[PDB]
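Enquirer: First, the structure itself, so that you have it in front of you.
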Protein chains: 2
Amino acid sequence: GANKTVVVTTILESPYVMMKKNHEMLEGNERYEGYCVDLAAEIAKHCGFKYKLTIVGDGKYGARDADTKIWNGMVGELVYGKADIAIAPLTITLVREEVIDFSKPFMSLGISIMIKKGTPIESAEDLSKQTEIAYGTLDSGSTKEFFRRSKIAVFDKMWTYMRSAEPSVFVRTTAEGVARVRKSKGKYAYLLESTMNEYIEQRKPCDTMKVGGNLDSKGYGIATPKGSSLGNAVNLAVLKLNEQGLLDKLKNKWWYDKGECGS
Amino acid sequence: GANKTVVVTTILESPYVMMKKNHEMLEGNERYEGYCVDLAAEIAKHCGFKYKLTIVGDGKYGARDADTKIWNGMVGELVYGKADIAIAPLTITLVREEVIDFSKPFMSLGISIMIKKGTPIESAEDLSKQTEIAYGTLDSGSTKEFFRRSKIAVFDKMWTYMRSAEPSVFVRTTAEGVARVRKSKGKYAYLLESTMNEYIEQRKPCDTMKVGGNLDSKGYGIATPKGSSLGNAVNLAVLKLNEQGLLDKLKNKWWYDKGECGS
Ligand SMILES: N[C@@H](CCC(=O)O)C(=O)O
Ligand SMILES: N[C@@H](CCC(=O)O)C(=O)O
Ligand SMILES: [Br-]
Ligand SMILES: [Br-]
Ligand SMILES: [Br-]
Ligand SMILES: [Br-]
Ligand SMILES: [Br-]
Ligand SMILES: [Br-]
């Protein structure tokens, strides 16, 4: 059949996808900017397709409801045919690989700890051994599932705390978690992916920092519906852009060239 | 058809695959030990197959001869049907992805610089701006191809030097490169993957070190012949073992628990 505009699902997450300053006066894909906006343009060019960026309807990454078995977020939009490809900071996980296809990773990351500067915390073990400082995760993503499923002693203890903590320690968006770190003044630490942590560390008011090593090691992938013909070309495009140094260029562009906390 | 023993191609590369001390008195898979030996056992268990470890015939990772178009190394053994799966520190690259299938990565790495302690070199740019210190790569792997294909200014200059340097700066095995660093006493630096660099840094005589950041970012994958039915199960196995923390355990086992240069 004739070529057709590719529906891209993505998510408003800085610096991956952000509304341009003058977005109210702009239309279509020009409303948005960021790492994944640049990446979408490069993938489309190499694969030779036109595309339309759309923000995932429920603003979620993707989880399977245990009772109804329904997928939400960007994963759901792929599973149920509402989008042709997801170009976002979407983590490659076993449960997702079973229902959608993933390119080889375009970015590496791991779960990490964000603290308000001066917080007496250096590690996940530190967090698990105390109760003065609360901590939590994004409410429906791969980080929360990591703790839910972990059988590692320290991470198991953290999950037991987080799942029952009052008031809730989970947040609906990364921005809410950052905000809670900043205004709790050392009494909340946020568990999030090192990429987003490192980005926020370079943003004013420059009052947070990443502490300790990463808790795990994983990657983001471009996702397509299982068996989609688009998957092969997209995977080769990712590998080409990585070897060309383009992915490194985009990381430096959106994380550090634009750093607001000094050189 | 009935189940059949899976032929695994791998390569003698420390600490991935090594001859056991008493290998002369042992048979079959028991002759070998290392990260990839443990990994092979875990993958086979989760996928439910028996296997036989074999060392790649020509001792090479894999490259395509430009004139004959013939693949050598572990890639060739997969392409031409001599092995069913490769379980080794085999880098995922575009040219290889076109001819074989790769799991999602089981280990991350990047090209890195190894120096004799005290060598006045901190970066690839440092190397490219001088001639007193020679430098080279493994003779037929992904690192050499990286420099051959790079259009980045600094890496292009390094390749122009290395490809024409006299005497040859390329080595047949990692051990030869390490040996040349050690006995050139600061007048040779070796370009190799950060994983192998980090391992050697923890081995006696503790006279080398990794300097600077990595030049790129990539991963190792389990490789199967293109379209092989084994690929899907192996990929899910890799993802499961990563999320279980097994891959991290194996890295610590073979790199740092066994470190010989202190704590
Ligand atoms: N990248 C994650 C969302 C962020 C997080 O869970 O920390 C996902 O794909 O679910
Ligand atoms: N891992 C590399 C070999 C080592 C190197 O090139 O430095 C490959 O798969 O070709
Ligand atoms: Br997940
Ligand atoms: Br991955
Ligand atoms: Br580029
Ligand atoms: Br290659
Ligand atoms: Br990769
Ligand atoms: Br385990």
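Each residue's number is its place along the chain shown, starting with 1.
Cβ coordinates are placed from backbone N, Cα and C, and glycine is handled just like the others.
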Enquirer: Write down the one residue from B:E42, B:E176, B:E193, B:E198 that Swiss-Prot lists together with B:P89, B:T91, B:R96, B:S142, B:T143 as binding L-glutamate.
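Expert: Swiss-Prot names B:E193 for this L-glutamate site.
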Enquirer: Can you tell which of B:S103, B:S108, B:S150 Swiss-Prot marks as phosphoserine?
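Expert: Checked Swiss-Prot: the phosphoserine annotation sits on B:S150.
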Enquirer: According to Swiss-Prot, one residue among B:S164, B:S168, B:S184, B:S194 carries the annotation phosphoserine; which one is it?
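Expert: The candidate carrying the phosphoserine note in Swiss-Prot is B:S184.
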Enquirer: Between the recorded positions B:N3, B:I121, B:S150, B:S184, which lies closest to B:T91 (L-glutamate binding site), Cα to Cα?
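Expert: Its closest listed neighbour, by Cα, is B:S150.
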Enquirer: Let me know how many other Cβ atoms fall within 10 Å of the Cβ of B:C261 (disulfide bond).
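Expert: Around the Cβ of B:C261 (disulfide bond), 14 other Cβ atoms lie within 10 Å.
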Enquirer: Starting from the Cβ centroid of B:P89, B:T91, B:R96, B:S142, B:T143, B:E193, which together make up the recorded L-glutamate site, report each further residue of the same chain whose Cβ lies within 8 Å of that point, ordered by sequence.
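Expert: These residues sit around the L-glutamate site: B:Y61, B:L90, B:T93, B:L109, B:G141, B:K218, B:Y220.
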Enquirer: Taking the Cβ of B:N3 (N-linked glycosylation site) as reference, which residues of that chain separated by at least 6 in sequence fall under 8 Å from it?
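Expert: Looking at Cβ-Cβ distances below 8 Å from B:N3 (N-linked glycosylation site), excluding near sequence neighbours, one finds B:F49, B:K50.
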Enquirer: Return the count of C-beta atoms lying within 10 angstroms of the C-beta of B:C206 (disulfide bond), excluding that atom itself.
Expert: 14
Enquirer: Between B:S184 (phosphoserine) and B:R96 (L-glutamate binding site), what is the CA-CA distance rounded to a whole number of Å?
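Expert: Checking the Cα atoms of B:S184 (phosphoserine) and B:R96 (L-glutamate binding site) gives a distance of 34 Å.
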Enquirer: Measuring Cα to Cα, how far is B:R96 (L-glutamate binding site) from B:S150 (phosphoserine) in Å?
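Expert: B:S150 (phosphoserine) has its Cα 17 Å from the Cα of B:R96 (L-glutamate binding site).
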Enquirer: Measuring CA to CA, name the entry from the recorded positions B:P89, B:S150, B:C206, B:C261 that ends up nearest B:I121 (site 'Crucial to convey clamshell closure to channel opening').
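Expert: Checked the recorded positions B:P89, B:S150, B:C206, B:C261; minimum Cα distance to B:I121 (site 'Crucial to convey clamshell closure to channel opening') goes to B:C206.
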